[PDB]
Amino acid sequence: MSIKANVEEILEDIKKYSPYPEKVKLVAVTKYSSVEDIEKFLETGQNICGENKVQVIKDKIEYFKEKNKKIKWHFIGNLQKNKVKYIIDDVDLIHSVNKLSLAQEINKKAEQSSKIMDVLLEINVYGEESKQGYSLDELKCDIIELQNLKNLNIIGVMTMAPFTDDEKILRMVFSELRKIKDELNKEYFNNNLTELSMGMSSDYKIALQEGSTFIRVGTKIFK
């Protein structure tokens, strides 16, 4: 296998399936990859790397600083409020803002570092009892408090569909998140929401067709 060839194939899929290929970013999911394999990914010409554990990304960030390698770090896992301090200075995008108290902690830490953190709002579109994302009603209730957090830059929304082969269910999930973004863009964000983070290795071609701008692909790149 060839990491370069795998990345190349995904970029071809982006051109083939996205309604707007120029907006789509590949997020390499590096949560199970050694720093040697990540370095191999960087050598493809891509450098967006997504991790889901705070301790793991913390140590990888320090490693690639010392190796003087340029990486756009995305945090795509569950973020505990008291762990925000460990990533606030080095992560470029937090995908998983699922509640107001977390957004408020991110805002407070960003302000202390004199920066604005880009975030996505995580929305539980399919209604799974392993709930972490927003319901739509909860988000609507939070919206103005959220928009007043001046050291957050809310640029989009995120979901994770359950694993399934049913293409109809996947399209329903992905299209529902797109509809939510479009609605939020009319009613509250004045079109400032530009991103849709959805889709992983087994379903990203569907997610691309439904308008995904961040596909979080692990196995298809590295395995």
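In case it trips you up, residue 1 is the first one in the sequence shown, and so on.
139-147 versus 119-127 - greater average Cα B-factor per the deposited record: Averaging CA B-factors over each stretch, the winner is 139-147.
37-45 set against 170-178, stretch whose average Cα temperature factor tops the other in the entry: Comparing 170-178 with 37-45, the higher mean C-alpha B-factor belongs to 37-45.
Identity of residue with top Cα B-factor, from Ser96, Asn82, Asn153, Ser113: Answer for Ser96, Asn82, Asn153, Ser113: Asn82, with the highest C-alpha B-factor.
Modelled-residue ranking by C-alpha temperature factor, third containing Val7: CA B-factor rank for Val7: lowest third.
Chain thirds of CA B-factor: placement of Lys108: Highest third - that is where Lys108 ends up once the chain's C-alpha B-factors are sorted.
Cα B factor band for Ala28 (lowest, middle or highest third within the chain): Lowest third of the chain for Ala28's C-alpha B-factor.
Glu187 - which third its CA temperature factor falls in, relative to the rest of the chain: Its C-alpha B-factor belongs to the highest third of this chain's values.
Among modelled residues of the same chain, the CA temperature factor third for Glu66: It belongs to the highest third of the chain when residues are ordered by C-alpha B-factor.
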